[PDB]
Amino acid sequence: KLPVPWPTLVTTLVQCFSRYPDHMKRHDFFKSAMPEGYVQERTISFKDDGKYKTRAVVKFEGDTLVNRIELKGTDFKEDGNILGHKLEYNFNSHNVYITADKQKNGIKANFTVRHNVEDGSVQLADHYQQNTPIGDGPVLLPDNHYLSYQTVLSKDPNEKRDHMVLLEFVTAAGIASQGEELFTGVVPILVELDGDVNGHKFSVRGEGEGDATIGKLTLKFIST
């Protein structure tokens, strides 16, 4: 069993698969950084509770888009919504607001996730995010815009291990690269997360595919 609820890991567990409308393609930093990719760093503050710090390398390895993450979580309360596993097994729609970071050659994002709690309350998870390109080539630095997310969480009836099946759709809104041309079809995805929350160590491996033409992610994650 994971030491934390699966919904608290969703945002950490590949924004290059967002479906940017034709008129917004010049604002897609994520695909423009490919194939060498980018580093995504977050601090996630669970209000009235602990925090995650995450660092992810997102790049192509051959034909596979890989998301390799290190997560460190501290200061979570025994009694709280996270360690108490009081979060509902679902995920609300959210808008992720992206701004260019000109000092670095990348972007920042901010958003606050609302996790439904089983007693009817809401657990906030405030996200601060920064992305920096790995490669030396030019990248697309966007005007202000946002990504609109939709998520459904489910379970595989066949799966014995602790796991999460996820289907998501993501489109850009609020308002061109050769890297974009790497996403014209279905792309296999591999996610690897090494985690430590409050001293409890765990790993997650995910496999699936992304289809940026429709903004679709289909992934199954398994914990160890």
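When you see a residue number, it is the position in the sequence shown, counting from 1.
- Per the record, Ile175 and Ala176 are separated by a gap of 10 or more residues from the deposited sequence that were not modelled.
- Deposited sequence between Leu13 and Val14: 1 to 3 residues lack coordinates.
- Mean CA temperature factor is higher for 163 to 171 when stretches 48 to 56 and 163 to 171 are set side by side in the entry.
- When 20 to 28 is weighed against 197 to 205, 20 to 28 comes out higher, by mean CA B-factor as recorded in the entry.
- Ranking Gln129, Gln123, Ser93, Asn105 by the C-alpha B-factor listed in the PDB entry places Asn105 at the top.
- Set against one another, the Cα B-factors of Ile82, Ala109, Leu141, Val113 in the record reach their highest point at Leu141.
- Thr184: CA B factor lies in the highest third for its chain, per the PDB record.
- The entry lists a Cα temperature factor for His145 that places it in the highest third of the chain's modelled residues.
- Ranked within its chain, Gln40 lands in the lowest third, by CA B factor from the PDB record.
- Placement of the Cα temperature factor of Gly73 within the chain: lowest third of the modelled residues, per the deposited record.
- In the PDB entry, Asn158 places in the highest third of its chain by CA B-factor.
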